Amino acid sequence: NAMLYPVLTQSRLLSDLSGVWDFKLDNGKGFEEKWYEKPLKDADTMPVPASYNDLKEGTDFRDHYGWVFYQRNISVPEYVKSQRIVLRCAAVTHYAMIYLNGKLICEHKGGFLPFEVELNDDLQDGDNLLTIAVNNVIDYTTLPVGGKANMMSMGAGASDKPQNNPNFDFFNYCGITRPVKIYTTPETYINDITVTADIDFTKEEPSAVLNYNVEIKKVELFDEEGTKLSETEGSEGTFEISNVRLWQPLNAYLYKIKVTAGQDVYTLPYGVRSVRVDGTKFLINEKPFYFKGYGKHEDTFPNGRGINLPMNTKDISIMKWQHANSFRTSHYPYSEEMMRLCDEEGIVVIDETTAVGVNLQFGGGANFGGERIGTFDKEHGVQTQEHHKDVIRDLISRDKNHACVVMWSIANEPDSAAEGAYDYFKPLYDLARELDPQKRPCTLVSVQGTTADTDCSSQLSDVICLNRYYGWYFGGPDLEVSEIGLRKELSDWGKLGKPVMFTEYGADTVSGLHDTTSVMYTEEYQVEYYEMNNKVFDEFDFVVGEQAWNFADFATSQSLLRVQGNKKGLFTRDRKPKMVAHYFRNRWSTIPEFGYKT
Amino acid sequence: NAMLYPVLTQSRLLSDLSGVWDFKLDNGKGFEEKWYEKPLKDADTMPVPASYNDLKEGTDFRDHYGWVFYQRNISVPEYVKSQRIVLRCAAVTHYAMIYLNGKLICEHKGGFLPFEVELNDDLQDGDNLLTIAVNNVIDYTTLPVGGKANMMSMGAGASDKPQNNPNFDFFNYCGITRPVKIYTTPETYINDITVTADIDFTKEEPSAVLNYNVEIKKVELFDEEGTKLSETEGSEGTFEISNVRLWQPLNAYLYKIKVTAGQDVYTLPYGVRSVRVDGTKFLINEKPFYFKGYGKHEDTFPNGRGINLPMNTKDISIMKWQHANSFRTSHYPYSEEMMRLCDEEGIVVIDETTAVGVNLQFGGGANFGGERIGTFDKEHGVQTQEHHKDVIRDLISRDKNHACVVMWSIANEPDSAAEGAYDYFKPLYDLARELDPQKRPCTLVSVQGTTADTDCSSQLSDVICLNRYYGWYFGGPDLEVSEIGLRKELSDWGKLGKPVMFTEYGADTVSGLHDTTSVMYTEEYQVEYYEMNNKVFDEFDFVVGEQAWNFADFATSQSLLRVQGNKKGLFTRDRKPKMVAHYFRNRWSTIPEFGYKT
Amino acid sequence: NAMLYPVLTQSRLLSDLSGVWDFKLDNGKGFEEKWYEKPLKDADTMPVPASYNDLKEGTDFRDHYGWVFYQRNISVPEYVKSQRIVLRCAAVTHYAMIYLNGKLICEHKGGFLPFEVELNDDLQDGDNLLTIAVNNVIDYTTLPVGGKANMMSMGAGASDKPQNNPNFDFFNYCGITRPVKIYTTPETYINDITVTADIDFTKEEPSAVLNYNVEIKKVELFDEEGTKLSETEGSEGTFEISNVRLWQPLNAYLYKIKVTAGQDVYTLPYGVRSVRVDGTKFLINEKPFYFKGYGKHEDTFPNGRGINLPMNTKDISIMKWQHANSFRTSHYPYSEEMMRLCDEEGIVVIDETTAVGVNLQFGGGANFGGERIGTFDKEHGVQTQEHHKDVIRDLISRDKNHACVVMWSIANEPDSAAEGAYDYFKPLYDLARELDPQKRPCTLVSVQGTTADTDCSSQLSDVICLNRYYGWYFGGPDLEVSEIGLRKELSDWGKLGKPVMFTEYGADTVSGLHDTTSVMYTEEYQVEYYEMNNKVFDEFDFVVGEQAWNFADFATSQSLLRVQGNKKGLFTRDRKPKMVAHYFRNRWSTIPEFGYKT
Ligand SMILES: O=C(O)[C@H]1O[C@@H](O)[C@H](O)[C@@H](O)[C@@H]1O
Ligand SMILES: O=C(O)[C@H]1O[C@@H](O)[C@H](O)[C@@H](O)[C@@H]1O
Ligand SMILES: O=C(O)[C@H]1O[C@@H](O)[C@H](O)[C@@H](O)[C@@H]1O
């Protein structure tokens with residue numbers, strides 16, 4: 001269930017297996033001939049961690065369907081076999097199968113959340129052959145959802161070759177996305193840590209009480225520099241600090257927490273912060289917040305979706321340069337390292353599950369007996385709800401302690417106004433609120449066409465998150481008519497007395513295209529688009545956030561509607577600014593983190 | 001009916017009125033208040049000749065609906081009022097209304113063909129106020145055809161503001177497109193000239209007999225330098241030359257023809273050339289030709305569709321640099337000056353009418369009583385056939401003598417496989433063959449989806465001209481499956497034993513986008529697309545021409561499918577080459593004008 | 001002296017400390033206040049490994065002068081304190097100072113070669129504060145060499161702010177460039193391994209004898225799959241294999257070598273390959289080789305010079321796509337991981353030292369008493385020779401075993417035709433040949449202006465490596481006059497009877513700029529430039545290699561001559577191909593690895 005971020009400590013090791021592994025594409029006789037038994041023959045090379053799709057040439061490699069085989073030898077000295085040996089795969093996209101010496105030790109479904117296995121038993125001495133098989137197939141049983149044709153459906157479709165058809169607007173990057181590490185710990189070890197914060201704003205000098213639980217199978221506090229200030233015994237626990245330095249947006253502070261438990265020990269950074277909804281206002285530390293930022297992607301060249309800590313730091317630098325304060329993990333949980341970095345740098349995050357494409361109205365829509373099948377058809381619709389809960393389980397269990405995480409997003413653009421939607425999401429929202437020890441807000445990001453009266457989010461969600469494209473897909477290029485439509489729908493959303501924020505809005509823009517009299521796809525049109533939208537946003541005291549789509553240009557599946565990927569970014573794929581980036585920087589510079597329009 | 005190209009001669013003048021005129025947009029009280037009576041107030045400035053759409057700023061100006069008013073004063077001395085004064089408007093797009101001193105002297109429908117009026121009667125002495133009103137409205141009665149919504153129909157459509165919606169894929173550039181000149185001539189004057197060529201290939205030294213007619217309301221021959229070689233009297237006439245220098249593709253020769261007729265005289269360049277179809281082979285001068293070139297547009301910045309002789313010469317230079325030999329006047333007759341230039345430089349031309357958009361299946365298709373209305377519905381379909389004939393009349397009457405003109409194109413992508421198509425085009429083809437004194441081939445350019453069995457062009461046309469996009473709109477990005485489909489349809493077209501040529505095929509390509517593993521919209525994909533198509537072309541001895549679409553990027557109406565216009569050009573809008581331009585140059589360099597695959 | 005690549009084995013661990021460390025810029029009171037003692041206050045964040053220059057915003061950060069402070073806590077359990085604890089800094093650019101708990105444990109000069117220190121003594125238990133201070137200052141004592149003004153010297157120079165002025169044409173990326181890892185090993189351990197190959201081509205089935213030495217402070221062989229085939233005892237040693245699979249260019253093979261030595265063990269991949277010079281011919285495995293490739297940079301966004309294994313694999317993929325076979329480590333030794341990858345993928349490498357900028361004629365040239373100071377002036381010239389030898393020592397000691405390494409490059413563009421040049425390089429070449437157990441060729445890359453009679457490389461070097469820009473800096477834009485000059489100088493180089501190869505030649509090209517009639521900086525001009533140069537290369541049987549400059553666009557110091565960096569790449573900085581990339585791919589496809597022109 002629970003997984004702490006591995007890190008070197010007094011009692012645990014940490015051996016990063018990152019490097020160039022052996023690699024081979026399934027053909028698809030890989031399992032018949034038991035390639036996991038022996039070392040791979042005719043193997044190519046492949047770095048880890050990284051999506052493999054862009055690291056070789058040819059459409060057959062990039063658009064490969066099925067399995068790939070990673071392989072690498074490992075070896076451990078016996079003088080720590082006394083300890084337990086565990087293998088943490090930070091992420092394998094999508095479906096992983098971990099062999100060792102030819103024996104299937106582990107399986108996992110879920111391309112964006114960590115999972116571990118124990119190695120003490122099957123780790124013979126000498127050099128041991130580790131093989132990881134990675135599958136990329138997506139369908140009605142996976143999150144994200146795979147369709148039956150192109151999402152934008154002219155086009156293709158006449159081919160019998162088996163192919164993935166994403167029901168989502170990003171490229172199906174697969175492989176060992178995130179680091180594969182080996183760490184140790186003593187039999188009887190700290191397995192999970194939880195920390196909540198009851199805090200007091202009555203006083204001019206805010207105090208805070210920190211409850212904690214340390215599941216296991218001394219607790220020291222430290223502040224930034226490491227000046228110790230408190231101590232307690234047992235899995236039991238509480239701290240009383242006065243003169244709390246509140247973790248703030250763009251003004252972070254992380255106390256340290258040292259938990260020694262006999263033969264084992266682990267340190268956890270924690271930020272003291274409060275967040276709660278109050279009618280219109282979205283309060284962080286009992287102050288009226290306003291989101292400024294974007295929906296992002298873990299998308300870089302040529303790593304694909306592979307983790308890129310240099311870019312993560314560069315993205316933060318650009319955000320603080322642009323006077324942003326937040327972003328959403330579109331459309332999947334990001335790496336642990338990026339989440340911890342957001343703690344250090346003080347960026348508000350909207351952590352989202354992998355639940356994109358739970359909407360069978362995209363594309364032409366799948367068909368059965370002539371009839372079109374609704375999204376939540378129990379026999380021919382999505383088969384994802386049970387896996388959907390495991391994702392909510394594993395996600396909250398991983399990022400429960402992050403001060404940056406401010407709200408959970410159950411799904412991106414699901415068919416939330418259709419038959420079966422409420423019964424699908426009600427158990428998910430309930431599980432979301434039951435397992436989050438901090439009871440933070442929950443939402444879902446609403447596709448276009450949704451209204452206040454028809455959205456199951458109008459009831460289940462604490463915050464309304466809209467993806468609206470008035471002036472692009474709907475109204476472009478007449479920004480005046482689009483303005484009227486945006487004001488009309490947005491007014492209707494004020495009926496709920498709930499906070500509203502736009503998590504996505506943008507216009508495809510090819511860096512370099514200009515005109516004094518703007519047309520679609522030019523940098524001028526992009527600025528005018530955001531001008532019109534932001535003008536309507538500023539009219540409604542109940543909109544509490546603007547998040548542009550996207551932060552940067554990113555790769556998608558090929559289609560007539562995608563000009564070498566999605567070009568809605570404020571920055572290019574190599575993080576160079578378009579003209580709209582300087583527009584938002586000037587606008588966001590005058591809008592404060594708190595009390596924008598109260 | 002007939003209109004000769006005005007040019008300075010011994011008996012006629014030529015006063016180009018080109019310059020900066022007064023200009024004003026209708027609002028739309030222009031005719032109520034009789035703005036044509038007085039000089040215009042609050043007028044802006046506008047050069048002539050030029051499309052006005054891109055010469056000012058603001059969407060309201062560029063997307064203006066309705067009328068505009070040009071105005072300019074003229075004056076003539078009396079010492080040539082003895083002569084007749086005629087005003088030749090080379091082209092006014094679309095509908096022109098010529099006032100003078102407040103009196104409506106002329107009207108014209110047809111935005112791409114010349115028309116004149118006589119000035120002797122209403123030309124008082126002193127300074128006379130000339131006003132031209134230009135209308136841009138397009139609908140089911142105009143050629144090109146105006147629709148009811150965007151041609152690519154997400155989008156727009158919710159606006160009540162009256163707007164043009166082109167049923168064609170280029171921008172509705174309007175205004176005084178081509179020069180407005182004043183020339184003289186004596187009462188009793190040469191009105192029309194016609195020259196045919198019966199020529200003899202029996203001998204090792206080809207001789208030629210030139211019949212001519214000189215309609216009127218001495219005939220001298222001259223060769224290139226001006227060395228005279230023959231003479232004849234009367235409207236009657238014939239010439240017998242031996243050692244003819246045959247006008248060839250990329251090797252032109254223009255004899256001169258001086259026709260003195262009493263008080264009047266006119267000189268006409270003429271090239272001696274033969275063209276006839278023979279089963280598979282397209283013969284020019286009894287040799288098997290092969291078209292190499294493009295579909296072009298009269299499209300430059302910022303002239304819009306306005307005439308641009310510097311670019312016309314530059315385009316020819318680029319064609320001869322690229323080893324091309326031909327192009328089509330997509331999708332309207334081009335300027336006279338460009339046609340005469342093609343005579344001098346020796347470029348084969350496929351002269352096409354303004355009949356684009358005669359196809360109501362584009363867009364969503366217009367609706368009536370729930371029913372969709374077919375293209376040639378007699379009550380709710382196109383109302384263009386009678387105007388369509390006037391266009392065929394005026395066009396052939398203008399370019400009957402050009403040696404470069406090798407074939408006529410009745411329409412671009414009409415609904416030629418629908419009910420009513422044959423009865424619509426049969427009288428048009430008949431008029432085309434009846435009025436062309438040289439009886440040159442006639443065709444229509446067939447939309448995609450057309451087959452040999454279903455196309456009314458399979459019967460009416462001497463040459464089959466296809467617009468196929470296997471590997472772009474149909475099959476992209478799988479070029480292998482697209483190849484199979486292209487070979488399958490092309491084989492079926494060989495059933496007719498007629499010549500086949502592709503007048504359009506291409507892929508949108510944004511100059512600058514590259515990848516080693518190509519995706520759509522990159523320069524690499526564009527090259528691979530043309531490689532696949534050209535490979536299939538070379539397999540069939542009955543394909544006699546490849547014409548890429550387009551020659552250069554050009555402006556279109558705004559839509560999600562158009563990245564700042566149509567990007568299918570081999571060159572950018574400013575005539576800079578994409579990578580595919582060097583590919584075609586290398587391919588066309590090894591393919592000869594004659595006897596490519598015989 | 002000797003350093004083996006750390007990797008997990010039966011007896012050693014490997015704990016990658018890569019991650020987000022604490023970071024702070026010196027101001028420059030860092031050492032006065034002993035920031036290394038305590039944890040850093042007001043610290044920012046910084047990932048490791050990566051150059052820090054592009055990971056924050058502002059010119060002051062990017063152009064920082066002096067020191068920066070990395071900091072991170074580490075902890076080790078006692079149950080392996082029995083082993084020795086060593087800290088391998090793969091590279092710290094330029095000058096590193098490693099504190100721990102406040103004590104200076106190590107120092108290092110050399111920004112591109114590894115160095116380690118032992119941790120057993122100063123590693124108290126608990127959490128231990130590790131601090132690394134990095135300096136970026138460059139001058140006449142460092143390799144690469146720092147100047148006194150801009151290398152291209154209009155410009156700047158009027159500022160008193162202390163600044164680095166690279167005497168080289170790449171950006172002064174600094175910080176922890178390459179991974180910082182911790183590995184273990186038993187007291188008494190394998191410290192160094194050396195393997196040579198005496199091999200026999202007499203027989204139709206080539207056999208090979210492998211001598212080896214295992215310095216220390218059982219030996220098993222294995223072949224690709226791991227099928228064992230031989231064994232020997234002692235530091236003593238030899239192997240006799242028959243049916244050797246020769247490591248070939250673009251056809252690699254790596255036998256494995258397992259050396260168990262009591263309590264310790266290490267595995268080394270080795271490729272059996274021969275290389276020797278023979279008059280004109282450059283022989284690899286007794287066959288006449290021909291280099292096809294580029295000079296590269298370890299340069300990516302935003303890592304700067306930081307190691308990027310995803311890009312390294314992508315670069316190899318592009319090379320094999322382009323039909324290249326080799327590259328040079330311009331202008332510094334690359335990462336170990338890239339060298340091992342070249343072993344696996346079979347790319348020929350020209351390993352080069354950090355000796356760039358040993359040439360004081362660049363810029364305006366430094367001045368003293370009015371006099372200009374020559375490069376090797378003993379009082380005011382370069383002070384680098386002794387450090388220069390340590391670089392040759394550490395480099396060969398690291399890459400002595402790589403089969404890909406085929407030739408050593410002592411320096412890039414030194415003032416090799418000046419007074420003092422011979423006495424400067426003679427001891428360096430001697431040290432190069434003395435310490436390389438395989439006695440592979442040695443060279444230096446000759447600046448433009450050098451001739452056969454004036455170059456000290458004409459004598460000291462086994463291969464002549466030229467950097468010539470006929471048609472760019474010299475002759476551009478007249479490629480005809482430039483051709484004459486290139487043929488004239490190249491003919492004169494044939495006087496030596498030695499092999500000649502061009503290690504650099506190119507023309508700055510901004511991706512997107514085109515013209516049918518080419519001008520400098522367009523993609524067309526770049527192709528024509530390489531066409532002219534390659535035409536002259538093919539005329540001389542003694543030129544054995546063409547290596548273009550550069551592989552990809554890369555960052556440089558700002559100057560009027562650098563359009564956002566060096567644009568001479570065949571690919572863009574994000575590895576997208578320019579038109580010249582497809583030219584070289586077509587040319588290199590017809591040129592074989594061996595026997596091109598014999
Ligand atoms: O069309 C777009 O650009 C985007 O539209 C939104 O609905 C999706 O959230 C996003 O994944 C797409 O990339
Ligand atoms: O889609 C395209 O690029 C083109 O398709 C063809 O059918 C039309 O002839 C042309 O007008 C369009 O511009
Ligand atoms: O001028 C250039 O582009 C290059 O010239 C060469 O002499 C240098 O080796 C290289 O560092 C420069 O980048």
# chains A, B, ... in the order shown; residues from 1 in each chain; ligands from 1

call {"tool": "residues_near_ligand", "arguments": {"ligand": "ligand 2", "cutoff": "7 Å", "atoms": "only C-alpha atoms and all ligand atoms", "output": "number ranges by chain"}}
result
B: 168-170, 412-413, 447, 467, 504, 566, 568

call {"tool": "residues_near_ligand", "arguments": {"ligand": "ligand 3", "cutoff": "10 Å", "atoms": "only C-alpha atoms and all ligand atoms", "output": "number ranges by chain"}}
result
C: 152, 167-170, 295-297, 330-331, 356-357, 412-413, 445-448, 466-469, 472-473, 503-508, 549-550, 553-556, 561-562, 565-569

call {"tool": "residues_around", "arguments": {"residues": "residue B:286", "least_positions_apart": "2", "cutoff": "12 Å", "atoms": "only C-alpha atoms", "output": "list in words"}}
result
residues 199, 200, 201, 202, 206, 246, 248, 273, 274, 275, 276, 277, 278, 281, 282, 283, 284, 288, 289, 594 and 595 of chain B

call {"tool": "interface_residues", "arguments": {"of": "chain B", "to": "chain A", "cutoff": "8 Å", "atoms": "only C-alpha atoms", "output": "JSON, numbers by chain"}}
result
{"B": [57, 58, 59, 154, 155, 156, 157, 158, 159, 472, 473, 474, 475, 476, 477, 478, 481, 513, 516, 517, 518, 519, 520, 521, 522, 558, 559, 560, 561, 563, 564]}

call {"tool": "residues_around", "arguments": {"residues": "residue A:2", "least_positions_apart": "2", "cutoff": "12 Å", "atoms": "only C-alpha atoms", "output": "list in words"}}
result
residues 4, 5, 113, 114, 115, 116, 190, 191, 192, 193, 194, 214, 215, 216, 217, 390, 393, 394, 395, 396, 397, 398, 399, 400, 401 and 435 of chain A

call {"tool": "write_last_selection", "arguments": {"atoms": "C-alpha atoms", "output": "PDB file, in the first residue's frame"}}
result
ATOM      1  CA  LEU A   4       8.218   6.164   1.031  1.00  0.00           C
ATOM      2  CA  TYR A   5      10.702   7.896  -1.244  1.00  0.00           C
ATOM      3  CA  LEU A 113       3.088   5.032  -9.830  1.00  0.00           C
ATOM      4  CA  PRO A 114       5.838   3.182  -7.948  1.00  0.00           C
ATOM      5  CA  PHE A 115       5.894  -0.462  -6.894  1.00  0.00           C
ATOM      6  CA  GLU A 116       8.508  -2.625  -5.170  1.00  0.00           C
ATOM      7  CA  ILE A 190       9.848   1.834   9.028  1.00  0.00           C
ATOM      8  CA  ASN A 191       7.282   1.088   6.303  1.00  0.00           C
ATOM      9  CA  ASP A 192       5.049   4.180   6.314  1.00  0.00           C
ATOM     10  CA  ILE A 193       4.873   7.634   7.894  1.00  0.00           C
ATOM     11  CA  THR A 194       1.902   9.995   8.145  1.00  0.00           C
ATOM     12  CA  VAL A 214       4.593   5.505  12.064  1.00  0.00           C
ATOM     13  CA  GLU A 215       3.392   2.123  10.823  1.00  0.00           C
ATOM     14  CA  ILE A 216       6.081  -0.557  11.214  1.00  0.00           C
ATOM     15  CA  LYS A 217       6.440  -4.139   9.983  1.00  0.00           C
ATOM     16  CA  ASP A 390      -6.012   1.364  -6.923  1.00  0.00           C
ATOM     17  CA  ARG A 393      -5.049   4.424  -3.393  1.00  0.00           C
ATOM     18  CA  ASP A 394      -1.416   4.294  -4.529  1.00  0.00           C
ATOM     19  CA  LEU A 395      -1.303   8.014  -5.368  1.00  0.00           C
ATOM     20  CA  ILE A 396      -2.561   9.396  -2.046  1.00  0.00           C
ATOM     21  CA  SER A 397      -0.467   6.790  -0.223  1.00  0.00           C
ATOM     22  CA  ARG A 398       2.603   8.290  -1.950  1.00  0.00           C
ATOM     23  CA  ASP A 399       1.959  12.052  -1.800  1.00  0.00           C
ATOM     24  CA  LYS A 400      -0.072  12.254   1.423  1.00  0.00           C
ATOM     25  CA  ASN A 401       2.645  14.304   3.150  1.00  0.00           C
ATOM     26  CA  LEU A 435      -7.797   7.933   2.617  1.00  0.00           C
TER      27      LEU A 435
END

call {"tool": "residues_around", "arguments": {"residues": "residue B:181", "least_positions_apart": "2", "cutoff": "8 Å", "atoms": "only C-alpha atoms", "output": "PyMOL selection string"}}
result
chain B and resi 14-18+87-90+179+183

call {"tool": "write_last_selection", "arguments": {"atoms": "N, CA and C atoms", "output": "CSV table (one decimal), in the first residue's frame"}}
result
chain,number,residue,atom,x,y,z
B,14,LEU,N,-2.2,54.1,-74.9
B,14,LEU,CA,-2.4,53.2,-73.7
B,14,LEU,C,-2.0,54.0,-72.5
B,15,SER,N,-3.0,54.4,-71.7
B,15,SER,CA,-2.8,55.2,-70.6
B,15,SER,C,-3.1,54.4,-69.3
B,16,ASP,N,-2.1,53.9,-68.6
B,16,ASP,CA,-2.3,53.1,-67.4
B,16,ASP,C,-2.8,54.0,-66.3
B,17,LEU,N,-3.9,53.7,-65.8
B,17,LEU,CA,-4.5,54.5,-64.6
B,17,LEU,C,-4.0,54.0,-63.3
B,18,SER,N,-3.1,53.0,-63.3
B,18,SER,CA,-2.5,52.5,-62.1
B,18,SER,C,-2.0,53.6,-61.2
B,87,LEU,N,-12.2,51.9,-72.1
B,87,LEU,CA,-11.7,51.6,-70.8
B,87,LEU,C,-11.6,50.1,-70.5
B,88,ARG,N,-10.4,49.6,-70.5
B,88,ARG,CA,-10.3,48.1,-70.3
B,88,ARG,C,-9.9,47.8,-68.8
B,89,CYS,N,-10.9,47.3,-68.1
B,89,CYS,CA,-10.7,46.7,-66.8
B,89,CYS,C,-10.2,45.3,-66.9
B,90,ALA,N,-8.9,45.1,-66.7
B,90,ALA,CA,-8.4,43.7,-66.9
B,90,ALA,C,-9.0,42.7,-66.0
B,179,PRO,N,-4.8,45.5,-63.9
B,179,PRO,CA,-4.7,47.0,-64.2
B,179,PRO,C,-6.0,47.5,-64.9
B,183,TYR,N,-7.2,53.0,-73.5
B,183,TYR,CA,-6.5,53.0,-74.8
B,183,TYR,C,-7.5,53.5,-75.9

call {"tool": "residues_around", "arguments": {"residues": "residue A:341", "least_positions_apart": "6", "cutoff": "12 Å", "atoms": "only C-alpha atoms", "output": "mmCIF file with C-alpha atoms, in the first residue's frame"}}
result
data_model
loop_
_atom_site.group_PDB
_atom_site.id
_atom_site.type_symbol
_atom_site.label_atom_id
_atom_site.label_comp_id
_atom_site.auth_asym_id
_atom_site.auth_seq_id
_atom_site.Cartn_x
_atom_site.Cartn_y
_atom_site.Cartn_z
ATOM 1 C CA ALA A 252 8.293 27.530 1.237
ATOM 2 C CA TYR A 253 9.603 26.153 4.527
ATOM 3 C CA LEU A 254 10.301 22.501 5.304
ATOM 4 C CA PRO A 269 10.701 16.863 5.062
ATOM 5 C CA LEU A 309 15.453 16.567 -13.203
ATOM 6 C CA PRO A 310 17.495 19.239 -15.058
ATOM 7 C CA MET A 311 14.343 20.296 -16.904
ATOM 8 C CA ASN A 312 12.233 20.069 -13.728
ATOM 9 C CA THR A 313 14.500 22.626 -12.081
ATOM 10 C CA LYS A 314 14.495 24.725 -15.254
ATOM 11 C CA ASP A 315 10.686 24.624 -15.379
ATOM 12 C CA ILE A 316 10.501 25.887 -11.777
ATOM 13 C CA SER A 317 12.968 28.668 -12.649
ATOM 14 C CA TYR A 334 4.539 13.089 -11.857
ATOM 15 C CA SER A 335 7.852 11.847 -10.477
ATOM 16 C CA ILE A 347 4.822 25.519 -5.933
ATOM 17 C CA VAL A 348 1.161 24.633 -5.474
ATOM 18 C CA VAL A 349 0.286 21.352 -7.190
ATOM 19 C CA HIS A 402 3.568 16.818 0.438
ATOM 20 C CA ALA A 403 2.743 20.372 1.477
ATOM 21 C CA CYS A 404 2.637 21.375 -2.202
ATOM 22 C CA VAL A 405 -0.221 18.962 -2.957
ATOM 23 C CA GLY C 19 19.534 14.280 -7.119
ATOM 24 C CA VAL C 20 18.578 17.785 -6.078
ATOM 25 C CA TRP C 21 21.254 19.233 -3.795
ATOM 26 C CA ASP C 22 21.404 22.509 -1.920
ATOM 27 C CA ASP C 44 18.576 27.518 -3.742
ATOM 28 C CA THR C 45 18.162 24.080 -5.341
ATOM 29 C CA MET C 46 20.266 22.469 -8.060
ATOM 30 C CA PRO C 47 20.188 19.005 -9.647
#

call {"tool": "residues_around", "arguments": {"residues": "residue C:80", "least_positions_apart": "3", "cutoff": "8 Å", "atoms": "only C-alpha atoms", "output": "PyMOL selection string"}}
result
(chain A and resi 79-80) or (chain C and resi 77+83)

call {"tool": "select_by_dssp", "arguments": {"residues": "stretch 434-544 of chain C", "states": "alpha helix (DSSP H)", "output": "MDAnalysis selection string"}}
result
chainID C and resid 434:435 457:460 479:493 523:537

call {"tool": "decode", "arguments": {"residues": "stretch 30-36 of chain C", "atoms": "N, CA, C and O atoms", "output": "PDB file, in the first residue's frame"}}
result
ATOM      1  N   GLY C  30      32.181  33.279   1.068  1.00  0.00           N
ATOM      2  CA  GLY C  30      31.823  31.916   1.428  1.00  0.00           C
ATOM      3  C   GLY C  30      32.859  31.232   2.300  1.00  0.00           C
ATOM      4  O   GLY C  30      32.512  30.494   3.225  1.00  0.00           O
ATOM      5  N   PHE C  31      34.143  31.468   2.020  1.00  0.00           N
ATOM      6  CA  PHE C  31      35.207  30.797   2.757  1.00  0.00           C
ATOM      7  C   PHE C  31      35.534  31.504   4.067  1.00  0.00           C
ATOM      8  O   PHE C  31      35.899  30.845   5.048  1.00  0.00           O
ATOM      9  N   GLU C  32      35.416  32.834   4.097  1.00  0.00           N
ATOM     10  CA  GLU C  32      35.563  33.573   5.346  1.00  0.00           C
ATOM     11  C   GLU C  32      34.604  33.047   6.406  1.00  0.00           C
ATOM     12  O   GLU C  32      35.010  32.713   7.525  1.00  0.00           O
ATOM     13  N   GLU C  33      33.319  32.959   6.063  1.00  0.00           N
ATOM     14  CA  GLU C  33      32.287  32.541   7.001  1.00  0.00           C
ATOM     15  C   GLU C  33      32.151  31.028   7.103  1.00  0.00           C
ATOM     16  O   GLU C  33      31.248  30.555   7.801  1.00  0.00           O
ATOM     17  N   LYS C  34      33.028  30.272   6.442  1.00  0.00           N
ATOM     18  CA  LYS C  34      33.052  28.810   6.500  1.00  0.00           C
ATOM     19  C   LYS C  34      31.656  28.222   6.286  1.00  0.00           C
ATOM     20  O   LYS C  34      31.084  27.567   7.160  1.00  0.00           O
ATOM     21  N   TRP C  35      31.104  28.476   5.095  1.00  0.00           N
ATOM     22  CA  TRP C  35      29.799  27.913   4.761  1.00  0.00           C
ATOM     23  C   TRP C  35      29.849  26.393   4.714  1.00  0.00           C
ATOM     24  O   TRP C  35      28.821  25.734   4.903  1.00  0.00           O
ATOM     25  N   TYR C  36      31.029  25.821   4.464  1.00  0.00           N
ATOM     26  CA  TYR C  36      31.171  24.371   4.432  1.00  0.00           C
ATOM     27  C   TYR C  36      30.992  23.743   5.810  1.00  0.00           C
ATOM     28  O   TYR C  36      30.759  22.533   5.900  1.00  0.00           O
TER      29      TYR C  36
END
